[PDB]
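Below you'll find the structure, written out as structure tokens, and then a few comments.
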Amino acid sequence: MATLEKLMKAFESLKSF
């Protein structure tokens with residue numbers, strides 16, 4: 001299900017900080 005598909009870039013962009 002591509003519902004929270006953004007969490008990946010979100011999170012990795014979060015991993016960033």
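Going by the structure tokens order, chains are called A, B, ..., each with residues numbered from 1, while ligands are numbered from 1 in the order shown.
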**Q.** DSSP alpha helix (DSSP H) residues within chain A, as a ChimeraX atom specification
**A.** /A:6-16
Selection from above, C-alpha atoms, as an mmCIF file, in the first residue's frame, can you write it?
data_model
loop_
_atom_site.group_PDB
_atom_site.id
_atom_site.type_symbol
_atom_site.label_atom_id
_atom_site.label_comp_id
_atom_site.auth_asym_id
_atom_site.auth_seq_id
_atom_site.Cartn_x
_atom_site.Cartn_y
_atom_site.Cartn_z
ATOM 1 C CA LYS A 6 6.763 9.388 1.829
ATOM 2 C CA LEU A 7 7.914 8.220 5.283
ATOM 3 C CA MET A 8 10.922 6.772 3.457
ATOM 4 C CA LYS A 9 12.235 10.044 1.985
ATOM 5 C CA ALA A 10 10.685 11.769 5.023
ATOM 6 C CA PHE A 11 12.554 9.599 7.379
ATOM 7 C CA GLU A 12 15.782 9.360 5.579
ATOM 8 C CA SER A 13 15.573 13.181 5.259
ATOM 9 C CA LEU A 14 14.915 12.927 9.034
ATOM 10 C CA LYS A 15 17.830 10.568 9.562
ATOM 11 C CA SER A 16 19.742 13.521 8.129
#
